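Scroll down for the structure; my scribbles are underneath it.
Sequence positions, counted from 1, serve as the residue numbers for this chain. Order of listing sets the numbers, starting from 1, for every ligand and every atom in it.
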Amino acid sequence: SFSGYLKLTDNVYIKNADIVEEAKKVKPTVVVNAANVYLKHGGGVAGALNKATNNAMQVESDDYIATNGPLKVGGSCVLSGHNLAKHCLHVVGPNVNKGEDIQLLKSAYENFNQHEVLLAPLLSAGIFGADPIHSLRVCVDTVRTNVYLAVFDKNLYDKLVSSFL
Ligand SMILES: O=C(O)Cn1cc(Br)cn1
């Protein structure tokens, strides 16, 4: 069970935490990965979660891509959570650094509604280049299931809490 989270709404919770460390502690049913369409877990949250699985997430993801092809921006797939969670929900938020449509962020968060409870990062934040304040707004206005957000950066966490409407 999740501890130390600030409650933002009926169903959205937030904590300044490293999502890999949080996943190892909680062992949630679902950990969300900040995936790209190719499931190439190189950096940000994806690189960190993959390294914590000793690259097993990448090996499983390469088999998934070989069979199914790439995901869509805004889409997701459920794969194993390995040593971190029961499942990993790989969600592709739009990457502003690839010129992707920020309007797809709501579609990306809709994937969370297929899971009653999730440990997640803010979609499209960090190396995906979107405004994290707007990502949190889309999260609370889209996700209806119980989402526990892990914000890696303390300054960003404090700014997200202090500016939350
Ligand atoms: O804090 C987050 O979860 C997203 N992020 C912002 C920076 Br700076 C580094 N990562």
Notebook entry, point to check: Side chains of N36 and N95: is there a donor and an acceptor less than 3.5 Å apart?
Noted result: no
Side-chain donor/acceptor pairs under 3.5 Å, residues 64-71, sequence neighbours excluded:
{"unit_1": "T67", "atom_1": "OG1", "unit_2": "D63", "atom_2": "O", "d": "3.2"}
{"unit_1": "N68", "atom_1": "ND2", "unit_2": "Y64", "atom_2": "O", "d": "3.1"}

Check: With a 3.5 Å cut-off and no angle check, do the side chains of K7 and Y13 form a donor-acceptor pair?
Finding: yes
Margin query: Looking at ligand 1, is there an atom of it that comes within less than 4.0 Å of some heavy atom belonging to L122?
Written below: no
Next item on the list: Answer yes when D62 and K40 have at least one side-chain N-carboxylate O distance shorter than 4.0 Å, and no when they do not.
Entry: yes
Margin query: Give me the nearest non-hydrogen protein atom to atom 1 (O) of ligand 1 as residue plus atom name, then the distance to 0.1 Å.
Written below: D153 N, 2.8 Å
Note to self: Could you tell me if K86 and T29 have a donor-acceptor pair between their side chains, going purely by distance under 3.5 Å?
What the structure shows: no
Next item on the list: For ligand 1, find out whether one of its N or O atoms is nearer than 3.5 Å to an N or O atom of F152.
Entry: yes
Note to self: Only heavy atoms of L156, strictly under 4.0 Å: list the atoms of ligand 1 that pass.
What the structure shows: 1 (O), 2 (C), 4 (C), 6 (C)
Next item on the list: Considering heavy atoms of the protein only, find what lies nearest to atom 5 (N) of ligand 1 and give residue, atom and distance to 0.1 Å.
Entry: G126 CA, 3.7 Å
